[PDB]
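K.L.:
Structure supplied as my_file-v4.tsv; contents: TSV, C-alpha atoms and all ligand atoms.
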chain	number	residue	atom	x	y	z
A	4	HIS	CA	-7.68	32.51	-101.14
A	5	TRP	CA	-9.90	32.78	-104.22
A	6	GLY	CA	-11.96	29.99	-105.66
A	7	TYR	CA	-15.44	28.99	-106.71
A	8	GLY	CA	-17.14	28.33	-103.35
A	9	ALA	CA	-19.86	30.27	-101.48
A	10	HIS	CA	-17.28	32.13	-99.45
A	11	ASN	CA	-14.50	32.74	-101.98
A	12	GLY	CA	-16.22	32.58	-105.37
A	13	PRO	CA	-16.69	35.07	-108.20
A	14	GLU	CA	-18.97	37.40	-106.22
A	15	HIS	CA	-16.09	37.97	-103.78
A	16	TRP	CA	-13.26	38.43	-106.27
A	17	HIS	CA	-13.59	42.23	-106.53
A	18	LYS	CA	-12.34	42.68	-102.94
A	19	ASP	CA	-8.88	41.44	-103.93
A	20	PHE	CA	-9.05	42.29	-107.66
A	21	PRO	CA	-11.00	45.52	-108.12
A	22	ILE	CA	-10.76	45.19	-111.92
A	23	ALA	CA	-13.49	42.53	-111.51
A	24	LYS	CA	-15.91	45.44	-111.88
A	25	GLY	CA	-14.06	46.83	-114.90
A	26	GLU	CA	-15.20	47.87	-118.35
A	27	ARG	CA	-13.99	44.87	-120.34
A	28	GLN	CA	-14.60	41.79	-118.23
A	29	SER	CA	-15.28	38.27	-119.45
A	30	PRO	CA	-17.14	36.07	-120.00
A	31	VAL	CA	-20.22	37.59	-121.66
A	32	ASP	CA	-23.44	36.35	-123.17
A	33	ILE	CA	-23.25	36.31	-126.97
A	34	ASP	CA	-26.56	37.67	-128.34
A	35	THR	CA	-26.53	36.23	-131.84
A	36	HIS	CA	-29.08	38.73	-133.14
A	37	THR	CA	-27.04	41.76	-131.95
A	38	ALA	CA	-23.59	40.53	-132.98
A	39	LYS	CA	-22.36	42.32	-136.08
A	40	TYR	CA	-21.09	40.48	-139.12
A	41	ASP	CA	-17.78	42.11	-140.07
A	42	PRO	CA	-16.52	41.18	-143.55
A	43	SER	CA	-13.18	42.82	-142.81
A	44	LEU	CA	-12.38	39.96	-140.39
A	45	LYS	CA	-9.92	37.40	-141.76
A	46	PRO	CA	-10.12	33.68	-141.33
A	47	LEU	CA	-8.27	32.24	-138.38
A	48	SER	CA	-4.92	30.65	-139.05
A	49	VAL	CA	-4.18	27.86	-136.56
A	50	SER	CA	-0.71	26.28	-137.00
A	51	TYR	CA	-0.40	23.51	-134.42
A	52	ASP	CA	1.46	20.88	-136.45
A	53	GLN	CA	4.74	21.45	-134.52
A	54	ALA	CA	3.17	21.75	-131.05
A	55	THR	CA	5.20	20.26	-128.20
A	56	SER	CA	3.15	19.49	-125.11
A	57	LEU	CA	5.05	19.15	-121.84
A	58	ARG	CA	3.04	18.50	-118.69
A	59	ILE	CA	-0.49	18.17	-117.37
A	60	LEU	CA	-1.26	19.59	-113.98
A	61	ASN	CA	-4.02	20.16	-111.46
A	62	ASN	CA	-3.61	23.76	-110.28
A	63	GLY	CA	-6.45	23.65	-107.77
A	64	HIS	CA	-8.84	25.58	-110.05
A	65	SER	CA	-8.81	23.52	-113.25
A	66	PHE	CA	-6.37	21.16	-115.00
A	67	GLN	CA	-3.97	22.53	-117.57
A	68	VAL	CA	-1.79	21.12	-120.34
A	69	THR	CA	1.33	23.21	-120.95
A	70	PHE	CA	3.32	23.62	-124.16
A	71	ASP	CA	6.85	24.67	-125.05
A	72	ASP	CA	6.44	28.33	-126.02
A	73	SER	CA	10.17	29.11	-126.42
A	74	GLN	CA	9.85	29.27	-130.24
A	75	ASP	CA	7.06	29.70	-132.82
A	76	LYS	CA	5.94	26.05	-132.88
A	77	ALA	CA	2.21	26.29	-132.29
A	78	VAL	CA	0.82	29.67	-133.27
A	79	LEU	CA	-2.40	31.47	-133.90
A	80	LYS	CA	-2.59	34.29	-136.45
A	81	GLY	CA	-5.18	36.07	-138.56
A	82	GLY	CA	-8.78	36.57	-137.56
A	83	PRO	CA	-8.96	39.85	-135.62
A	84	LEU	CA	-5.31	39.62	-134.60
A	85	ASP	CA	-2.23	41.59	-135.57
A	86	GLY	CA	0.93	39.55	-135.33
A	87	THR	CA	1.74	36.12	-134.00
A	88	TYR	CA	0.44	34.51	-130.84
A	89	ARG	CA	2.09	31.42	-129.29
A	90	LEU	CA	0.14	28.61	-127.62
A	91	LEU	CA	1.02	28.41	-123.92
A	92	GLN	CA	-1.56	26.10	-122.37
A	93	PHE	CA	-5.09	24.82	-122.55
A	94	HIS	CA	-7.56	24.15	-119.76
A	95	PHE	CA	-11.27	23.61	-119.22
A	96	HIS	CA	-14.19	24.91	-117.23
A	97	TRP	CA	-17.11	22.59	-116.48
A	98	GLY	CA	-20.21	22.06	-114.42
A	99	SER	CA	-21.79	19.68	-111.94
A	100	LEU	CA	-24.63	18.98	-114.40
A	101	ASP	CA	-24.73	18.88	-118.21
A	102	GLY	CA	-26.76	22.10	-118.40
A	103	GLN	CA	-24.04	24.33	-116.99
A	104	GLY	CA	-20.30	24.67	-117.11
A	105	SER	CA	-19.41	27.02	-119.93
A	106	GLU	CA	-18.32	30.56	-119.18
A	107	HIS	CA	-19.58	32.18	-122.36
A	108	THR	CA	-23.21	31.62	-123.22
A	109	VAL	CA	-25.00	31.91	-126.57
A	110	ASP	CA	-28.41	33.52	-126.37
A	111	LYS	CA	-28.30	32.61	-122.66
A	112	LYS	CA	-27.67	28.93	-123.50
A	113	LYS	CA	-25.03	27.24	-121.30
A	114	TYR	CA	-22.90	24.38	-122.59
A	115	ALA	CA	-21.51	21.53	-120.44
A	116	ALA	CA	-17.97	22.82	-120.57
A	117	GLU	CA	-15.65	25.28	-122.24
A	118	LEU	CA	-12.13	24.70	-123.54
A	119	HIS	CA	-9.67	27.64	-123.50
A	120	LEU	CA	-6.56	27.60	-125.62
A	121	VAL	CA	-4.39	30.42	-124.33
A	122	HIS	CA	-1.92	32.23	-126.59
A	123	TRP	CA	0.32	35.28	-126.04
A	124	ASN	CA	1.53	37.95	-128.40
A	125	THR	CA	5.18	37.40	-129.22
A	127	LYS	CA	5.97	41.07	-129.62
A	128	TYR	CA	5.95	41.35	-125.80
A	129	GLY	CA	8.62	38.68	-125.36
A	130	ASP	CA	7.16	36.80	-122.41
A	131	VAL	CA	3.68	36.04	-121.08
A	132	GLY	CA	4.20	38.12	-117.94
A	133	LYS	CA	4.69	41.24	-120.03
A	134	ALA	CA	1.81	40.31	-122.33
A	135	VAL	CA	-0.75	40.23	-119.50
A	136	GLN	CA	-0.03	43.93	-118.91
A	137	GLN	CA	-1.09	44.90	-122.45
A	138	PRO	CA	-4.53	45.38	-124.01
A	139	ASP	CA	-3.63	43.06	-126.89
A	140	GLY	CA	-1.38	40.69	-124.98
A	141	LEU	CA	-3.38	37.45	-125.06
A	142	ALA	CA	-5.70	35.68	-127.46
A	143	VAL	CA	-7.86	32.92	-126.07
A	144	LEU	CA	-9.66	30.51	-128.36
A	145	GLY	CA	-12.84	29.30	-126.71
A	146	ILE	CA	-14.59	26.09	-127.75
A	147	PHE	CA	-17.88	24.84	-126.32
A	148	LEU	CA	-18.42	21.21	-125.35
A	149	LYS	CA	-21.80	19.54	-125.58
A	150	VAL	CA	-22.62	16.04	-124.39
A	151	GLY	CA	-23.22	13.46	-127.09
A	152	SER	CA	-20.73	11.32	-129.04
A	153	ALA	CA	-17.22	10.83	-127.72
A	154	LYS	CA	-14.33	12.95	-128.98
A	155	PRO	CA	-11.48	10.55	-129.72
A	156	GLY	CA	-8.85	13.30	-129.53
A	157	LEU	CA	-9.81	14.06	-125.92
A	158	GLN	CA	-9.44	10.52	-124.63
A	159	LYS	CA	-5.68	10.76	-123.98
A	160	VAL	CA	-6.43	13.64	-121.59
A	161	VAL	CA	-9.29	11.80	-119.86
A	162	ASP	CA	-7.17	8.72	-119.28
A	163	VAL	CA	-4.44	10.56	-117.33
A	164	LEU	CA	-6.73	12.51	-114.97
A	165	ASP	CA	-6.54	9.77	-112.34
A	166	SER	CA	-2.90	10.63	-111.89
A	167	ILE	CA	-3.52	14.32	-111.15
A	168	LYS	CA	-6.61	14.03	-108.96
A	169	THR	CA	-5.57	16.58	-106.34
A	170	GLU	CA	-4.18	20.10	-106.24
A	171	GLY	CA	-0.50	20.39	-107.14
A	172	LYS	CA	-0.12	17.03	-108.88
A	173	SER	CA	1.44	17.00	-112.33
A	174	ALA	CA	2.52	14.42	-114.87
A	175	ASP	CA	4.52	14.15	-118.07
A	176	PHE	CA	2.19	14.69	-121.02
A	177	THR	CA	4.22	14.66	-124.21
A	178	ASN	CA	3.19	14.20	-127.84
A	179	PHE	CA	-0.36	15.42	-127.46
A	180	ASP	CA	-1.76	17.00	-130.63
A	181	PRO	CA	-4.22	19.82	-129.86
A	182	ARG	CA	-5.62	19.68	-133.42
A	183	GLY	CA	-7.77	16.80	-132.17
A	184	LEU	CA	-9.81	19.18	-130.03
A	185	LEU	CA	-10.96	21.52	-132.83
A	186	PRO	CA	-14.39	21.51	-134.48
A	187	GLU	CA	-14.77	21.27	-138.25
A	188	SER	CA	-15.54	24.96	-138.81
A	189	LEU	CA	-13.48	27.87	-137.57
A	190	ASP	CA	-16.28	30.45	-137.81
A	191	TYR	CA	-16.13	32.69	-134.73
A	192	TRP	CA	-17.29	35.58	-132.65
A	193	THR	CA	-14.73	38.04	-131.24
A	194	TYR	CA	-14.72	40.79	-128.62
A	195	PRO	CA	-12.17	42.49	-126.30
A	196	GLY	CA	-12.23	41.08	-122.79
A	197	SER	CA	-10.34	39.78	-119.80
A	198	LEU	CA	-9.02	36.73	-118.05
A	199	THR	CA	-11.95	34.91	-116.44
A	200	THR	CA	-9.93	34.09	-113.32
A	201	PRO	CA	-7.85	36.29	-111.09
A	202	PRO	CA	-6.02	38.51	-111.76
A	203	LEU	CA	-8.87	39.31	-114.22
A	204	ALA	CA	-6.51	41.38	-116.37
A	205	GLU	CA	-8.10	43.14	-119.32
A	206	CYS	CA	-5.59	41.83	-121.84
A	207	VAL	CA	-7.54	39.30	-123.92
A	208	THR	CA	-8.88	39.21	-127.45
A	209	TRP	CA	-11.55	36.52	-127.19
A	210	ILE	CA	-12.20	34.28	-130.17
A	211	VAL	CA	-15.17	32.03	-129.48
A	212	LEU	CA	-15.96	29.34	-132.01
A	213	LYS	CA	-19.52	28.91	-133.19
A	214	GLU	CA	-19.38	25.11	-133.59
A	215	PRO	CA	-19.23	23.09	-130.37
A	216	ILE	CA	-17.40	19.81	-130.04
A	217	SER	CA	-19.19	16.76	-128.67
A	218	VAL	CA	-17.81	14.71	-125.80
A	219	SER	CA	-19.36	11.67	-124.20
A	220	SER	CA	-21.03	11.54	-120.81
A	221	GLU	CA	-18.25	9.15	-119.69
A	222	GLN	CA	-15.62	11.70	-120.73
A	223	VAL	CA	-17.14	14.64	-118.85
A	224	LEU	CA	-17.82	12.46	-115.79
A	225	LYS	CA	-14.06	12.01	-115.47
A	226	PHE	CA	-13.59	15.80	-115.24
A	227	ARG	CA	-16.07	15.88	-112.36
A	228	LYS	CA	-14.02	13.39	-110.35
A	229	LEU	CA	-11.07	15.76	-109.93
A	230	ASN	CA	-10.59	17.51	-106.56
A	231	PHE	CA	-10.12	21.17	-105.65
A	232	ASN	CA	-8.34	20.08	-102.48
A	233	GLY	CA	-4.80	18.86	-101.97
A	234	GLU	CA	-4.17	15.27	-100.96
A	235	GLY	CA	-4.94	14.84	-97.26
A	236	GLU	CA	-7.55	17.61	-97.14
A	237	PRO	CA	-11.33	17.04	-97.04
A	238	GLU	CA	-12.52	16.04	-100.53
A	239	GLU	CA	-14.32	18.73	-102.50
A	240	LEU	CA	-15.11	17.74	-106.08
A	241	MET	CA	-13.80	20.06	-108.80
A	242	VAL	CA	-17.03	21.16	-110.47
A	243	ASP	CA	-18.60	24.46	-111.44
A	244	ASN	CA	-15.30	26.23	-111.96
A	245	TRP	CA	-16.86	28.87	-114.20
A	246	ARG	CA	-17.40	32.60	-113.85
A	247	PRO	CA	-20.85	33.92	-114.68
A	248	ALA	CA	-21.47	36.32	-117.56
A	249	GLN	CA	-20.47	39.92	-117.02
A	250	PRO	CA	-21.93	43.16	-118.40
A	251	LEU	CA	-21.06	43.89	-122.02
A	252	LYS	CA	-20.90	47.67	-121.36
A	253	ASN	CA	-19.39	49.62	-124.26
A	254	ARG	CA	-18.39	46.67	-126.44
A	255	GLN	CA	-19.62	45.15	-129.68
A	256	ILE	CA	-19.33	41.49	-130.45
A	257	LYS	CA	-18.32	40.85	-134.06
A	258	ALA	CA	-19.01	37.71	-136.08
A	259	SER	CA	-16.91	36.27	-138.89
A	260	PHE	CA	-19.94	34.68	-140.49
A	261	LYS	CA	-23.42	35.67	-141.63
B	301	LIG	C1	-5.78	29.70	-112.66
B	301	LIG	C2	-5.13	30.82	-113.39
B	301	LIG	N1	-5.50	31.01	-114.76
B	301	LIG	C3	-4.93	32.20	-115.36
B	301	LIG	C4	-3.40	31.98	-115.52
B	301	LIG	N2	-2.79	32.88	-116.51
B	301	LIG	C5	-2.65	34.10	-115.77
B	301	LIG	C6	-1.30	34.45	-115.23
B	301	LIG	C7	-0.21	34.66	-116.23
B	301	LIG	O1	0.77	35.59	-115.95
B	301	LIG	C8	2.07	35.35	-116.34
B	301	LIG	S1	-3.10	32.59	-118.08
B	301	LIG	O2	-2.75	33.75	-118.90
B	301	LIG	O3	-2.45	31.37	-118.56
B	301	LIG	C9	-4.81	32.43	-117.97
B	301	LIG	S2	-5.86	32.43	-119.26
B	301	LIG	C10	-7.29	32.26	-118.34
B	301	LIG	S3	-8.83	32.22	-119.12
B	301	LIG	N3	-9.84	31.40	-118.18
B	301	LIG	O4	-8.55	31.63	-120.42
B	301	LIG	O5	-9.26	33.61	-119.24
B	301	LIG	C11	-6.95	32.18	-116.86
B	301	LIG	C12	-5.41	32.30	-116.77
B	302	ZN	ZN	-10.34	29.59	-118.89
Would you write the structure of this file as C-alpha cells?
P.N.:
Amino acid sequence: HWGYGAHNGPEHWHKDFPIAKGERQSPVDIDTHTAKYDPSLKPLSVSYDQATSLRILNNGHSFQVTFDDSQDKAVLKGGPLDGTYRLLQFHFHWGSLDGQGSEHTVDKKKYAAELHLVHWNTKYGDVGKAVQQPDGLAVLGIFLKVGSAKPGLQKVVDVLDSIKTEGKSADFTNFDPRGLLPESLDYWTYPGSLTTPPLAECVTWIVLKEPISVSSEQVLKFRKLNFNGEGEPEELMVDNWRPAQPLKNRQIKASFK
C-alpha cells in the first residue's frame, strides 16, 4: 500500500487517490514576500489546560499521540476559524538529515521536522464527518529546528523505544501539549488538504512563524523508529514528508506584518 518509498511514495499516490492532483493540496511553500497581511485575522486561542492524552502509537507512517475528544477539553478557536475545533492527535514528519523533514517550507527553506496538531470542527459531530467538509479540520503546524533541547518533548522521546515498530502502542497519559508551543502564536493560514492519504481537501492550515528548537539527540531518536512491523526487514522511519504542491488559486494570509 502507500508509503514514502521509491515504489509507493508521494509521486504514486494519485493512482489510488486522484485528489492528489487537486486544487487545494498541501503542503505548500510559503513565500513570505507574497503572503498578505490580513488585519481582520484574530489571534489564535489555544485552550489545552484540560487536555487528556491517551495513547502513543506507531502507525507505520509516523507516531501519533491521541487525546480524548469526547468533550471540549482541548480546543482551538479564533484565528481564521469559525467555531470550536477539538484536539484529536498530534504527530510529526521528519527527515534523514537535519536539512530536510518539514512538509511546509518558508521561502524554500526546509526545517528538520514538522509537528502537526490535528483538530476537528465540533459542528460535524465526529471526525469522520468532518473530513468530508471544506472546513472540517484545522491543523496547527510547528517547525522544528536543531539546536537546544525542548524539555517538553523529552517525555515523548523517552517512550519511543517501546513503539519502535508498526502497530505498537503504549499508554501515554498526563502529557501536556502546551510544552510543544513556541513563544509567539503569529501565523500564516491557507486552505489545504491532508498531507497523507486520503488527501482530503478539508483542512484550514495554521502554520506558526516561530520554530521550536529540539536537540540533535532528540531528533536522532525519531530516526530510530521503523516503518516495518516486528519480524520484517528493518527500514528506518525517515523522510516521511510530502513535497510542496502547487499553490494554484490560493492566497496565503499572514497574521503579522
Ligand atoms: C497516517 C494517516 N494520517 C491521516 C489520518 N487522519 C485521516 C483519517 C481520518 O478520518 C476519520 S487525520 O485527520 O487524523 C490526519 S491529519 C494529517 S496531516 N499530515 O496533519 O495533514 C494526516 C491524517
Ligand atoms: Zn502531518
K.L.:
Which residues are close to residue 30 of chain A, i.e. within 6 Å by only C-alpha atoms, leaving aside same-chain residues fewer than 2 positions away? Reply as a count of residues only.
P.N.:
4
K.L.:
Got a sec: who's within 9 Å of residue 48 of chain A, counting all atoms listed in the file, leaving out chain neighbours fewer than 3 positions off, as a PyMOL selection string?
P.N.:
chain A and resi 45+78-82
K.L.:
Separation of atom CA of residue 197 of chain A and atom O4 of ligand LIG 301 (chain B), in Å?
P.N.:
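Distance reported for this atom pair: 8.4 Å.
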K.L.:
Tell me which of A:60, A:54, A:150, A:120 sits closest to residue 74 of chain A, counting only C-alpha atoms.
P.N.:
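Closest to residue 74 of chain A of all the choices is A:54.
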K.L.:
Which residue out of A:13, A:186, A:181, A:145 has the minimum interatomic distance to residue 53 of chain A when all atoms listed in the file are used?
P.N.:
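For residue 53 of chain A, the nearest of the candidates is A:181.
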K.L.:
Residues of chain A that approach ligand ZN 302 (chain B) to 12 Å or less, counting only C-alpha atoms and all ligand atoms: could you list each one with the shortest pair of atoms and its distance in Å to one decimal, rows by chain and increasing residue number, as CSV?
P.N.:
residue,atom,partner,partner_atom,distance
A:29,CA,B:ZN302,ZN,10.0
A:30,CA,B:ZN302,ZN,9.5
A:64,CA,B:ZN302,ZN,9.8
A:65,CA,B:ZN302,ZN,8.4
A:66,CA,B:ZN302,ZN,10.1
A:67,CA,B:ZN302,ZN,9.6
A:92,CA,B:ZN302,ZN,10.1
A:93,CA,B:ZN302,ZN,8.0
A:94,CA,B:ZN302,ZN,6.2
A:95,CA,B:ZN302,ZN,6.1
A:96,CA,B:ZN302,ZN,6.3
A:97,CA,B:ZN302,ZN,10.0
A:104,CA,B:ZN302,ZN,11.3
A:105,CA,B:ZN302,ZN,9.5
A:106,CA,B:ZN302,ZN,8.0
A:107,CA,B:ZN302,ZN,10.2
A:116,CA,B:ZN302,ZN,10.3
A:117,CA,B:ZN302,ZN,7.6
A:118,CA,B:ZN302,ZN,7.0
A:119,CA,B:ZN302,ZN,5.1
A:120,CA,B:ZN302,ZN,8.0
A:121,CA,B:ZN302,ZN,8.1
A:122,CA,B:ZN302,ZN,11.7
A:142,CA,B:ZN302,ZN,11.5
A:143,CA,B:ZN302,ZN,8.3
A:144,CA,B:ZN302,ZN,9.5
A:145,CA,B:ZN302,ZN,8.2
A:146,CA,B:ZN302,ZN,10.4
A:147,CA,B:ZN302,ZN,11.6
A:197,CA,B:ZN302,ZN,10.2
A:198,CA,B:ZN302,ZN,7.3
A:199,CA,B:ZN302,ZN,6.1
A:200,CA,B:ZN302,ZN,7.2
A:201,CA,B:ZN302,ZN,10.6
A:203,CA,B:ZN302,ZN,10.9
A:207,CA,B:ZN302,ZN,11.3
A:209,CA,B:ZN302,ZN,10.9
A:211,CA,B:ZN302,ZN,11.9
A:244,CA,B:ZN302,ZN,9.2
A:245,CA,B:ZN302,ZN,8.1
A:246,CA,B:ZN302,ZN,9.2
K.L.:
Separation of atom CA of residue 114 of chain A and atom CA of residue 23 of chain A, in Å?
P.N.:
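Separation of atom CA of residue 114 of chain A and atom CA of residue 23 of chain A: 23.3 Å.
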K.L.:
I need the residue nearest ligand LIG 301 (chain B) from this list: A:129, A:237, A:202, A:25. Use only C-alpha atoms and all ligand atoms for the distance.
P.N.:
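The closest residue to ligand LIG 301 (chain B) is A:202.
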K.L.:
For the atom pair atom CA of residue 50 of chain A and atom CA of residue 91 of chain A, what is the interatomic distance in Å to one decimal place?
P.N.:
13.4 Å
K.L.:
Could you please give me, as JSON, numbers by chain, the residues of protein, DNA or RNA lying at most 9 Å from (-18.4, 16.2, -110.0) in the coordinate frame of the file, considering all atoms listed in the file?
P.N.:
{"A": [98, 99, 100, 224, 225, 226, 227, 228, 229, 230, 239, 240, 241, 242, 243]}
K.L.:
Box time for ligand LIG 301 (chain B): axis-aligned, enclosing all its listed atoms, 3 Å extra on each side; report centre and edge lengths in Å to one decimal, as lines of an AutoDock Vina configuration file.
P.N.:
center_x = -3.9
center_y = 32.6
center_z = -116.5
size_x = 17.9
size_y = 11.9
size_z = 13.8
K.L.:
For a quick check of understanding, using all atoms listed in the file, which of A:38, A:131, A:57, A:164 has the smallest distance to ligand LIG 301 (chain B)?
P.N.:
A:131
K.L.:
Of the residues A:115, A:250, A:15, A:51, which is the one nearest to residue 149 of chain A, using only C-alpha atoms?
P.N.:
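Closest to residue 149 of chain A, using only C-alpha atoms: A:115.
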K.L.:
For residue 158 of chain A, which of A:134, A:223, A:204, A:9 is the closest residue, counting all atoms listed in the file?
P.N.:
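The closest residue to residue 158 of chain A is A:223.
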K.L.:
Scan for residues within 12 Å of the point (-10.1, 11.8, -129.2) in the coordinates of the file, using only C-alpha atoms, and reply as JSON, numbers by chain.
P.N.:
{"A": [152, 153, 154, 155, 156, 157, 158, 159, 160, 161, 162, 179, 180, 181, 182, 183, 184, 185, 186, 216, 217, 218, 219, 222]}
